[PDB]
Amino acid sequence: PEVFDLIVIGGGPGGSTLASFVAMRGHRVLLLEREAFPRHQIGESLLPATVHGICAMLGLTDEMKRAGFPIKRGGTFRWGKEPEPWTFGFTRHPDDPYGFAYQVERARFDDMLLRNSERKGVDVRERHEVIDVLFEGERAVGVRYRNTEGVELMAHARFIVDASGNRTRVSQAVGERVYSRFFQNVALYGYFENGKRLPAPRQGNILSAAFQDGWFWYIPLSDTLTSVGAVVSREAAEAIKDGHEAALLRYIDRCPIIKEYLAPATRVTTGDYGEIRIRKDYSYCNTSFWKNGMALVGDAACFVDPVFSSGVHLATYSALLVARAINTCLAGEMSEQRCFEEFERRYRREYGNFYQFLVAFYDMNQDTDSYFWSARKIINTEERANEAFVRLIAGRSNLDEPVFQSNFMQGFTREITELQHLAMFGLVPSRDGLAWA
């Protein structure tokens, strides 16, 4: 049974990124991926930190350029108080640092990434499904898998990392997955050909649009292809079944901007983009991201919600953080505890930043007759007590007098909240950036 420095379970952006970064330091890594690449996965809109930070460190800048991925300068939102769409840009000027990102076909993007792993020296093996992580001495020491044929084998390493995404079958070995009560949403999504684009030089921007029952994303993948998804209540899903296509089509009709952008369009009916998928119970965090010899990265560890497109960034950032722990420990410096505690602290900080901001962002949409939006509001009480206090001591307690009248990780249990509080409170990289100094 083969011996490695690291075994990575899953070859999406989390797994391939971590594998590459440790192999780049000259270590033995195996990466097992259940599927044969290329394969469809949701998660198409990217951020500059991944495009200009991660992908540059991986040495993929040039290959990204040549791919023909639409260039994402920011996004447009129909969201909040006003009906008119507003826009954001990553930077004030088009070409200054971290100025843009891409809208990617994940099949091609992940494949591109996994191929780069190989070339970086990673032993990647497709059609290989991990079944169990193996423990000895209270430490993760290997995995059981099935290879390309039905054959059950084993492999061993000093470190085992679950990068196997939301359907991980091994994460419970590290911690308990705890679902957010706030982001209790289901996404229903398909692909459309020949749909319209945003104006100006913004054709490649993501568009997200709120309507009465939730919100839509609208991501251009090429001149002809658009990813389109409705994010609605979990409760609505339990009645979209036996009628996937009809549910989405009816949702499209009920969102003006999406209705108009898809009027010229035909839905893809064949291939990987001809299906309409559902994702449910996607918002969660684990009670722990590492134990002893094992770590969780990407969707295996935690996920917030698709608005503002943070998933691939989180996966790739956590991959870098784990890579640094592994590259620093395999060099006999520091300790496993110091390095993996730093990993979890940093990861929870970035996850927490997005969680907090997205709760407030959901809260800012005004739609007073929407059940969906009314149930996705910041739960205050203490601010309302404060406001009443302040009204009183300003001389304004009389609300009938016209002369005078002219929290944290919401939706989570205490355990997640406390872990997040410690990490956020409400080490520096080596010159290489591949380990800790």
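Quick note: we count residues from 1 along the sequence shown, nothing fancier.
Where coordinates are absent for parts of the deposited sequence, a chain break appears; between neighbours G426 and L427 it spans 10 or more residues.
The question of which stretch, 133-141 or 150-158, has the higher mean Cα B factor is settled in favour of 150-158.
Between the stretches 165-173 and 117-125, it is 117-125 that shows the larger average CA temperature factor. Looking at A315, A331, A325, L188, the one whose CA carries the top B-factor in the deposited record is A331. Annotation for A209, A236, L358, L321: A236 ranks highest, by Cα B-factor.
When the modelled residues of the chain are ordered by C-alpha B-factor, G311 sits in the lowest third.
Ranked by Cα temperature factor within the chain, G53 sits in the middle third according to the deposited record. Per the deposited record, the Cα B-factor of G99 falls in the highest third when ranked against the other modelled residues of its chain.
Split the chain's modelled residues into thirds by C-alpha temperature factor. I378 is in the middle one.
Among the modelled residues of its chain, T91 has a C-alpha B-factor that falls in the highest third, as given in the PDB entry.
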